[PDB]
Ligand SMILES: Nc1ncnc2c1ncn2[C@@H]1O[C@H](COP(=O)(O)OP(=O)(O)O)[C@@H](O)[C@H]1O
Ligand SMILES: Nc1ncnc2c1ncn2[C@@H]1O[C@H](COP(=O)(O)OP(=O)(O)O)[C@@H](O)[C@H]1O
């Protein structure tokens, strides 16, 4: 058996990267925070980075976060930052909606620079608030993007005096000097990428509603994940109804059906069940109470 | 303003093609049948054709339908058929998931033949039960597919004796004989296609749940429809909850949010509201009862 709990994850002290993803307002952001909070109780320090363009990480903790890692107010070991994509005009010029799917060299480089920073901070574990868009796993092309750049750059190093200062490239670029930045970012990117592909160090937590369109987008994201080689073994099924009002009962009979499907398809998964709450899960005190149900199965 | 009723549509006696689309088990099939049943009351005769691979058109009426138009059991002017796609091995050989998105010449031709049949029957109006897949509007490529064929076919017809029957093509294809079937299938496809692009003659009715993923997939499918120039001005919002049980009330508060969004975006639309019923809408009597609500807004 595999209990309906994220306990197996919280207990892993070798985990360094924990992704949280889910498409279409199923409560991905709420789960990212809840998982982070519950991790602060067990790990030395927890960094919460967000690739999400809505930056709901703020509206959630009701506190403004930037590209600088700040401390989540009610905590001492929990910190959060919001990463900016930083795609360039060049990035764009270099490229139905899969037309903007491949990252540019400038965007990939910027992310590598942020991972560099993050490593310096020496945060114990990192909860990765993924983007609930079409490009959830876009950052997984950064290794191949930088390698292709490092290659086209080295192939150019072979194209190289009396002329002195006037004898350099027009535009001022220093090839052997960029070949360093590029090699250094590529190495940083590759370290983290092979960490991602290590089940002992990196796992992916799916969030979903018990509707069709969500259950679908979920199996579709787990396929993509399994292809890239990123471990996933936990599904959080959010906004569930639990047992004098008839029509509300019918809506629950349907949940039971979708819920049986999930329990069948993902037998090998922890399937965590969260109840729809009556108020928004916004406060820190509310996020706490909500987070408890990630480790202690809810009961009426 | 625009009342929450499909009444405006049932009143258009110039309508010949009425599409029903909706992705993800939101009650598309049920709407297609309901809309036809309501149409049979006002129009001389109604044909219900289905591109939906699931052929839920049977499970809905509890009656087996084929590629031959049969009469729906409890009716006298309502008939249903289920179109088979008929993609060939060639078709496949000639080609993410947008890899099988362009139809083959053999599939396009087959559908043209069916449209040909259907025009012979002289049904007053047709309800078009679309496929709730990623290929909902796939048939709209048939004109361009057949035109490219008729072209490549005509070009070979300029590159073609004392050889007698030995002077034929190998394969036995008769070019001038095919240039006819192809011209005739193109002409049937074009007729029907320029009808689709006529608001007086063709409109598209969308079906959806009040969830995000569906409200999204809906604005997405309307965009594509508008691009192809196919008229759309009605949304059916299915499975809604209506006003001692607290947690169900919360689930309704969320619907209210989604429903307000819909009323705002689709101000120019008829936004029909359907309740979640306690039993499946399967029987003919149950479909009738459901279909009445497409023209008489539901109240507690
Ligand atoms: N189990 C739940 N019960 C009640 N409200 C919830 C629940 N999960 C999420 N919410 C609320 O619904 C919205 C979900 O937003 P969020 O958690 O950010 O999902 P996403 O980040 O995917 O949009 C937020 O207002 C959140 O407070
Ligand atoms: N408003 C409703 N109330 C209760 N049950 C419904 C309603 N709409 C659809 N259903 C049932 O839910 C399922 C919807 O299936 P269907 O109508 O075929 O949608 P789709 O064709 O998109 O799958 C069917 O069992 C149908 O009987």
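For chain B, we keep the numbers from Swiss-Prot: what you see runs 12-106, 125-189, 195-277, 282-338, in order.
Quick reminder: no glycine exception, Cβ is built from N, Cα and C everywhere.
Some features that Swiss-Prot has for this protein:
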type	residues	note
ACT_SITE	B:63	active site
BINDING	B:34, B:35, B:36, B:37, B:38, B:39, B:40, B:41, B:245, B:272, B:320	ATP binding site
BINDING	B:283, B:286	Zn(2+) binding site
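On the structure: features taken from Swiss-Prot.
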{"residue": "B:34", "record": "ATP binding site", "DSSP class": "coil"}
{"residue": "B:40", "record": "ATP binding site", "DSSP class": "helix"}
{"residue": "B:63", "record": "active site", "DSSP class": "coil"}
{"residue": "B:245", "record": "ATP binding site", "DSSP class": "coil"}
{"residue": "B:283", "record": "Zn(2+) binding site", "DSSP class": "coil"}
{"residue": "B:320", "record": "ATP binding site", "DSSP class": "coil"}
Worksheet, complete the sentence: The answer for which binding-site residues (B:38, B:40, B:286) have a CB under 6 A from ligand 2 is B:38, B:40
Practice prompt. Would you mind listing, in sequence order, any of the recorded positions B:36, B:40, B:63, B:245, B:283, B:286 that have a CB less than 8 A from a CB of chain A?
Written response: B:36, B:245, B:283, B:286
Discussion item. Distance between the Cα atoms of residue B:106 and residue B:125, in Å as an integer, please; the 18 residues between them are unmodelled.
Written reply: 13
Worksheet, complete the sentence: Comparing local Cβ density (other Cβ atoms within 10 Å) for the recorded positions B:63, B:245 points to B:245
Worksheet item: Going by C-alpha positions, which of the binding-site residues (B:34, B:40, B:245) is nearest residue B:286 (Zn(2+) binding site)?
Response: B:245
Worksheet, complete the sentence: Cα of residue B:283 (Zn(2+) binding site) to Cα of residue B:245 (ATP binding site), in Å and rounded, measures 21
Response to the item:
Rounded Cα-Cα span in Å across 4 missing residues between residue B:277 and residue B:282 equals 11
Worksheet entry | Modelling gap (5 residues), residue B:189/residue B:195 Cα distance, angstrom | 10
Fill in: binding-site residues (B:34, B:320), the one with most neighbouring Cβ atoms at 10 Å
B:34
Practice prompt. Calculate the distance in Å between the alpha carbons (Cα) of residue B:245 (ATP binding site) and the residue listed as 'active site', and round it to a whole number.
Written response: 23
Item to complete: For residue B:40 (ATP binding site), write down the residues of its own chain that are at least 6 apart in sequence and whose Cβ falls under 8 Å from its Cβ; none is a fine answer.
Response: B:63, B:65, B:67, B:68, B:70, B:71, B:158
Fill in: Under 8 Å by Cβ from residue B:36 (ATP binding site), counting only residues of that chain that are 6 or more apart
B:161
Worksheet item: Including all protein chains displayed, how many Cβ atoms other than that of residue B:38 (ATP binding site) lie within 10 Å of its Cβ?
Response: 21
Response to the item:
CB neighbours within 10 A of residue B:286 (Zn(2+) binding site), counting all protein chains shown, number 17
